[PDB]
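> Sequence first, structure after; it's an experimental one.
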Amino acid sequence: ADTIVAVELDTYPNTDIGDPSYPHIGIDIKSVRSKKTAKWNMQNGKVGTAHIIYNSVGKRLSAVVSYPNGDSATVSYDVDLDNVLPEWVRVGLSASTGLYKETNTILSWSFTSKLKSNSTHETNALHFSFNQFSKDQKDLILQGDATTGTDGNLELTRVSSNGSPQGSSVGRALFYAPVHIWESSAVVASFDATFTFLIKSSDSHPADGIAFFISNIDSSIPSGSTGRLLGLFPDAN
Ligand SMILES: CO[C@H]1O[C@H](CO)[C@@H](O)[C@H](O)[C@@H]1O[C@H]1O[C@H](CO)[C@@H](O)[C@H](O)[C@@H]1O
Ligand SMILES: [Ca+2]
Ligand SMILES: [Mn+2]
């Protein structure tokens with residue numbers, strides 16, 4: 001298959017596949033069944049901010065998701081990503097809807113990765129930030145239903161003209177350039193990502209969520225990965 005490391009903002013409890021009974025954030029290492037989760041209050045129609053942070057020294061993948069009123073949830077998981085991810089990856093955002101739906105609107109996304117080594121701050125680095133997306137965002141690989149629009153946003157999943165999110169949708173956006181996420185001779189490999197998002201739904205139980213993910217460079221939406229699989233995984237194993 002792909003190799004996926006992800007931080008999921010999971011809006012819809014799929015308890016039959018190990019989701020906690022409440023919306024949650026989670027750290028997913030090669031499985032949709034998060035290695036760690038934290039209860040998350042998704043604030044319908046509010047703009048949230050997710051931060052993901054890791055460095056190869058601490059070997060701890062951390063995420064926090066917050067809303068302007070100060071509510072937040074955080075999850076951290078100890079993992080040496082050198083032993084999980086390929087050396088070269090692509091980084092992306094994914095989202096899905098299913099029977100129930102929600103907008104999976106990304107308003108901004110930044111990412112920074114650095115590899116530092118042996119001597120001085122002699123280093124390879126990648127940093128990108130999108131605080132606006134354009135209709136033809138050539139440095140994004142859009143997959144599935146993901147679109148960017150003149151409205152400055154990245155709609156990961158289908159939204160109708162009337163602004164209504166659609167079910168059975170899956171979409172991703174990957175940064176165009178592969179990222180050298182680790183290297184054997186790198187003394188420190190660190191990355192951080194931030195994205196802001198607006199999940200809004202008229203469904204009493206919106207679904208399915210948004211994820212920041214890191215994958216093999218040729219990662220594509222696995223078949224049948226709408227709904228609970230968040231566009232990341234081919235199955236719920
Ligand atoms: C009830 O289970 C479906 O919906 C939830 C909420 O969206 C998903 O988490 C779950 O994966 C299921 O989605 C599948 O089935 C939906 C129809 O029942 C379909 O719309 C989805 O695209 C997906 O196949
Ligand atoms: Ca879920
Ligand atoms: Mn989950």
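It's in. Numbers count the residues shown, from 1 in each chain. Ligands and ions are numbered 1, 2, ... in the order given.
> Could you use CA atoms for every contact and neighbour count after this?
Fine.
> where does the residue nearest to the spatial centre of the chain land in three-state SS?
Centroid-nearest residue in the chain: residue 212, 1.2 Å away (criterion: C-alpha atoms, centre = their mean). Under DSSP: H, G, I helix; E, B strand; the rest coil, residue 212 falls in the strand class.
> Distance-wise, check the closest residue to residue 215 other than its chain neighbours relative to ligand 1.
Closest residue to residue 215 in three dimensions, ignoring its sequence neighbours and counting by C-alpha to C-alpha, 6 or more residues apart in numbering: residue 4, at 4.8 Å. Residue 4 sits 18 Å away from ligand 1, going by C-alpha to the nearest ligand atom, to the nearest Å.
> now residue 177
From residue 177 to ligand 1 the distance is 29 Å (C-alpha to the nearest ligand atom).
> which secondary structure element contains that residue?
Using DSSP states H and E, residue 177 sits in no helix or strand.
> and the residue nearest to the centre of the chain, what does it touch?
6, 7, 8, 91, 92, 93, 94 (C-alpha atoms under 8 Å, 6 or more residues apart in numbering).
> Dig out what the fourth one forms beta bridges with.
In this structure, residue 91 has the following beta-bridge partners (DSSP bridges): residue 214.
> same thing with residue 172?
Here residue 172, judged by DSSP bridges, has bridge partners residue 94, residue 143.
> where does it sit relative to ligand 1, distance-wise?
15 Å.
> repeat for residue 68
26 Å.
> For that residue, grab the count of nearby residues.
When neighbours are defined as other C-alpha atoms under 10 Å, residue 68 has 11 of them.
> And for residue 237?
Quick note: residue 237 (other C-alpha under 10 Å) scores 10 neighbours.
> Looks like it contacts residue 30 (just checking).
No. Using C-alpha atoms under 8 Å, residue 237 is not in contact with residue 30, being 9.1 Å away.
> closest to ligand 2 among the contacts of residue 212?
residue 8 (8.8 Å; C-alpha to the ion).
> now, the most widely separated pair of the contacts of residue 212?
The span of the contacts of residue 212, defined through C-alpha to C-alpha, is set by 8 and 91 at 13.6 Å.
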